[PDB]
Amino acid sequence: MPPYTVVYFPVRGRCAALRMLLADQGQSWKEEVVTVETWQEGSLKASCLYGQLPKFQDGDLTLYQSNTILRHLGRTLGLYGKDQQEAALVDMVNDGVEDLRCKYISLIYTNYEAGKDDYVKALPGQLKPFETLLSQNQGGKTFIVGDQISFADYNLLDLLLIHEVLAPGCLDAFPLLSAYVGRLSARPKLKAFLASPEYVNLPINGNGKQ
């Protein structure tokens, strides 16, 4: 059997980036799907460390927390910078991505109708830092940190993709981010994954909003 298992709801959500990472690195994994019905039964939830999914298994190592999973795969597959300084910058990018992801999640699940206009107005100022990081790394022609891909690239890519669904054209203001999405999305194993039913037939979020 595969050494990796992803336990999650039938949504892209906080597993999208880590799935992209695994597919792009040609790793095999099992998807264990938890229905809302099963979740409401309560036993699985009670057994989860923080009462939430995703849960991830790497052999007998059981992890919770989407960013913990990303960092763990980053470490074990060599997607965490070439040295200690690049590692810090990778973290800095990922923490920025997480901060914006949390704002996105708050919009989607708690305030979509009343909040979308303001959110979209504020969006360029929230995306700009990633454009700046790109502009300061080899003119934005490679990755978000250094000259090799990192877990932060996959997470940032996911963040950009869902924001283009939320606010079509939002990357027209950001030439380097725009080209970056194109480039990464064209990586053959990733392109194939992103076009596959496994990805395409899951909704982005759990409540029908995007």
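Throughout, we count residues from 1 along the sequence that is shown.
Visitor: On mean C-alpha B-factor from the PDB entry, just flag whether 186-194 or 5-13 is the higher one.
Guide: Per the PDB record, 186-194.
Visitor: If you average the CA temperature factors as listed in the entry, which stretch comes out higher, 103-111 or 86-94?
Guide: Mean C-alpha B-factor is greater for 103-111.
Visitor: For the C-alpha B-factor as written in the entry, point me to the maximum among 52, 40, 155, 67.
Guide: Of the candidates given, the C-alpha B-factor peaks at 40.
Visitor: Between 48, 162, 171, 145, where does the Cα B-factor run highest in the record?
Guide: Highest C-alpha B-factor among the listed residues goes to 171.
Visitor: Going by the CA temperature factor in the PDB record, which third of the chain does residue 167 belong to: lowest, middle or highest?
Guide: According to the entry, residue 167 has a C-alpha B-factor in the chain's highest third.
Visitor: Considering only modelled residues of the same chain, in which third does the CA B-factor of residue 73 rank: lowest, middle or highest?
Guide: CA B-factor rank for residue 73: lowest third.
Visitor: Looking at the entry's B-factor column for C-alpha atoms only, identify whether residue 177 ranks in the lowest, middle or highest third of its chain.
Guide: Middle third.
Visitor: Taking the C-alpha B-factors as the PDB entry records them, is residue 63 in the lowest, middle or highest third of its chain?
Guide: It falls in the bottom third of the chain.
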